[PDB]
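Data block below; observations after.
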Amino acid sequence: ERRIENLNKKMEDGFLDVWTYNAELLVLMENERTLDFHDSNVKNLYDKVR
Amino acid sequence: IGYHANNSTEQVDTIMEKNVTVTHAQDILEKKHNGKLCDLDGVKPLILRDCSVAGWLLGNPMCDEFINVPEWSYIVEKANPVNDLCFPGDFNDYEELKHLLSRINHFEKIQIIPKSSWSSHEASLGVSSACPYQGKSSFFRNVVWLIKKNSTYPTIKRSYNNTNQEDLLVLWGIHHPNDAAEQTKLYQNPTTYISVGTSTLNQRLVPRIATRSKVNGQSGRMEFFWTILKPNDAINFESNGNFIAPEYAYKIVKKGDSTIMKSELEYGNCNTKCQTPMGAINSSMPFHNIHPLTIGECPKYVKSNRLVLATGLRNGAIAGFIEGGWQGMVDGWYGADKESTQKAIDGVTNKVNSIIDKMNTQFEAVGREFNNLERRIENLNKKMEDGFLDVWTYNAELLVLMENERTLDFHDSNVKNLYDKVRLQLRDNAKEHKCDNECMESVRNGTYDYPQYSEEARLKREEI
Amino acid sequence: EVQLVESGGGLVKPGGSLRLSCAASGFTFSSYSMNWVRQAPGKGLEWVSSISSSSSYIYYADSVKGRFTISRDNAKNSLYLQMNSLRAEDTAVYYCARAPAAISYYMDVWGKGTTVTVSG
Amino acid sequence: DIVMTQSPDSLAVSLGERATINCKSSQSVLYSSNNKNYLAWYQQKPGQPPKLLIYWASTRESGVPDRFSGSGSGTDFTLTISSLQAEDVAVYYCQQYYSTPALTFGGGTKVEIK
Ligand SMILES: *[C@@H]1O[C@H](CO)[C@@H](O)[C@H](O)[C@H]1NC(C)=O
Ligand SMILES: *[C@@H]1O[C@H](CO)[C@@H](O)[C@H](O)[C@H]1NC(C)=O
Ligand SMILES: *[C@@H]1O[C@H](CO)[C@@H](O)[C@H](O)[C@H]1NC(C)=O
């Protein structure tokens, strides 16, 4: 049953490839937003100051 | 002064807008292929010219001779090979052998039992008109159909060690005659068996005599078998009838990366890093939409017909000081300034490279095959194969749509940044032909002596 | 007319690095693949490395992998073969060989060759 | 790996008679998809580069004398000289190019005047 094992292995590895992509993509976006959160609110304080 | 414009008419797509004209846009998807069955990094494939894996391995006479077969990167079988098992019958665990054959690149044909060694059974008369070799009735070359000599079929006590340090495939089969008369015609013993055994094999095989339909003009069947004989492991055949004996083994020389392509195309004198059943790819861009079951260092499949990056602008942009998207200026994308513009073109190569680095985790489609009684697993495989490509083509489209949205926002933002840099330096709403490199030199070098230009401010306070 | 003059051979120590250079003339260098073939004294021809017209397919012999780095400059009409970590087995006349067909690698025109020697 | 072997290593052929240089192959360099025998034949005098003679195992390179003629198929190949000359005294090498990543030459046959 090497076909099913290779099917299971690529199904298992395929999903973990999908979910590590989602994890890395989600962290990459959240890093982009949270640095944009800090860039924005500092500019908000500068706008509140100005 | 003005952000660059061009009549390129090379549209892109973002999430909020499905069609956005862009001055400079790079496609990242191969729609094109050679349409030729091509080499894979120099190694010639095993092109089964109208022949099957079972036909090649059993040695179908109607197939090509295949004498001293060299290395191969991949095997090419047709979807319906006309030269299947010539004498009709099954091939037991055909697809497992084909999957196992997808993990190798070379065989060495080694001779298990000579035809001459059958001193008590007729090796030569085991022929069939369904398998004609050069017009004369013949049989599979690599496996010997045995027939009784002198109305007697003694039991076949044969054993073969895999004395060879490398692994070995051992092929044989069982005949299934139409009736007891056909059994007696070939094998004097009415009740017969094939009790084969290895370190990891135990099987006895009585022939299933049954009336059957004619296939290739012959209604008797012939079910073939295969076993992986490890080194220093013997396979002991013991039959008193129906024994389609092994004449040749298949010694596995190098186990590597391969696949059995279900491709109908013929050879072209090529060399390509990648190969596809419909052709070959000759570019470094990361996606293609040809057929997912590729081999070699290849773009990773996405089933999208249209996938383009935005490496250019969308065509305040038109508000007040800036004239607009003046097509006359060529050098520089934003303000004809090497500080902001030369770095932007440098990121074009990084952006396409990022998708290569980011979507390198894509699901590599693997060629698995299943027989007519494993339709559930095949549909499970097909929807798993299609499902992951559905997931990853969505991720490719979402990533490109996002990157097209960010990069046009990056171009939209830095135009406002240069306008903000222009606006803060001037410190005046005065718009300000004749004063070239007097009004404009102070802007572009970044040094604006606004106290020196307070005469304009005196004209400002005068004119208001 | 068609010629492949080699240069860069000479004395080398064990483990030393050397770079060969095969000037090309009399033919379109950027259309025919190139090959390197060494011949030790008293031994037969041995193919060393290879490179296609666009430098996109490169091959090396099993004894040569991880030690050599073939390259070419189509504009300069030259071919180069870096050498790194040379053993005493590479005492040979390194011939510069041109394959006319892009895929088929029969070597039509050959160079004089440079006698690289790797010894103390 | 794919390795070629030449049965005669030092052929002794007098002037004006036939010379045959056999070159076997470990694996059949024929390719049925085009029916072309991926083999070359070379000629190397002492102190001269190799000179390609026969390519594709039958097709003769331009400028080669017509007395050269290759033949054979699959594994077994032959280089036939219709009549040896003094200029034919050279080491003859056969070289497959089926396996492009590993091109292997033969050992080499040197024809000597008897
Ligand atoms: C985008 O342009 C393509 C051009 O063929 C067109 O088919 C498609 O309908 C357009 N989409 C929208 C939303 O206008
Ligand atoms: C075959 O014929 C008879 C069959 O019983 C047997 O006794 C005899 O020894 C055999 N002789 C041959 C092979 O001609
Ligand atoms: C031959 O096969 C047997 C198993 O059938 C194994 O024990 C033996 O080691 C093999 N060969 C030899 C001579 O060692």
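In this analysis, Cβ positions are derived from the backbone assuming ideal geometry, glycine residues included, and neighbour counts consider all displayed protein chains. Rule-based calculations on the coordinates, nothing more; no lab input.
Just a few scattered comments:
- GNM flexibility winner over chain C from C:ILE70, C:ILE51, C:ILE103 (Cα, springs under 10 Å): C:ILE103
- Each of B:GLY217, B:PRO177, B:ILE290 was placed along the dipole of chain B (beta-carbon charges, centred on the mean Cα), and the one lying farthest toward the positive end is B:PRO177.
- Shown here are the Rg and Dmax of the Cα trace of the range D:48-88, at 10.7, 31 Å.
- Shielding by partners for peptide C:55-61, expressed as the average number of C-beta atoms from other protein chains within 10 Å of each residue's C-beta, is 4.
- Rounded to whole Hz, the Karplus (6.51, -1.76, 1.60) HN-Hα couplings of the range C:43-49, x for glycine and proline: 10, x, 5, 9, 6, 9, 7
- Among B:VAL348, B:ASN372, B:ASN360 - extreme Cα towards positive end, dipole of the range B:338-380, charges at beta-carbon: B:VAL348
- Projecting label points 7 angstrom from Cα along Cα→Cβ for C:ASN74 and B:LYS416 puts them 4.5 nm apart.
- Against the main long axis of the alpha-carbon atoms of chain A, helix A:2-49 sits at an angle near 0°.
- Taking label points 7 Å from Cα along the Cα-to-Cβ direction, B:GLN452 and B:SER159 give a separation of 10.4 nm.
- Only DSSP H runs of four or more residues enter the estimate; each adds -39500 (n - 2.57), and after division by the residues of chain B the mean residue ellipticity at 222 nm equals -7500 deg cm²/dmol.
- Summed over all non-identical Cα pairs, the Kirkwood treatment of chain C gives a radius of 14.2 Å.
- Low-density loop positions, chymotrypsin sites (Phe, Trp or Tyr not before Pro), the range C:3-34 - DSSP coil, at most 14 other Cβ in 10 Å: none
- Chain D: most fluctuating residue of D:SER14, D:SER32, D:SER73 per GNM, C-alpha cutoff 10 Å: D:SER32
- Take every Cα pair under 8 Å whose residues are at least 6 apart in sequence, average their separation, divide by the length of the range C:1-68, and the relative contact order is 21 percent.
- When the alpha-carbon atoms of the protein assembly as shown are used, the pair Rg, Dmax equals 35.2, 130 angstrom.
- Cleavage-rule hits (trypsin sites (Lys or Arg not before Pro)) in the range C:32-114: DSSP loop, at most 12 neighbouring Cβ within 10 angstrom: C:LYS65, C:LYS76, C:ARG87
- For the range D:1-109, the spread of Cα coordinates along the three principal axes comes to 39, 23, 22 Å, biggest extent given first.
- Label point distance in nm, C:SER31-B:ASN178, each placed 7 Å from Cα along Cα→Cβ: 6.5 nm
- Think of each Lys and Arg Cβ as +1 and each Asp and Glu Cβ as -1; about the Cα centre, that makes the dipole of the range B:351-461 roughly 380 debye.
- Radius of gyration and Dmax over the Cα atoms of chain A, both given in Å: 21.1, 71
- Sparsely packed GluC sites (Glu not before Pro) within the range B:345-427, loop by DSSP, other Cβ within 10 Å at most 10: none
- Residues whose placed amide H lies under 5 Å from that of C:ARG98, excluding near-sequence neighbours: C:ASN35, C:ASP108, C:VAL109
- Chain C, relative contact order [Cα under 8 Å, separation at least 6], %: 36 percent
- Computed packing ranks the peptides B:198-209, B:19-30 as B:19-30, B:198-209, most packed first, by mean other Cβ atoms within 10 Å.
- Here chain B is treated with +1 on each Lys and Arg Cβ and -1 on each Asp and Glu Cβ, and its dipole about the Cα centre works out to around 2260 debye.
- Chain C: most fluctuating residue of C:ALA24, C:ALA92, C:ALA102 per GNM, C-alpha cutoff 10 Å: C:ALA102
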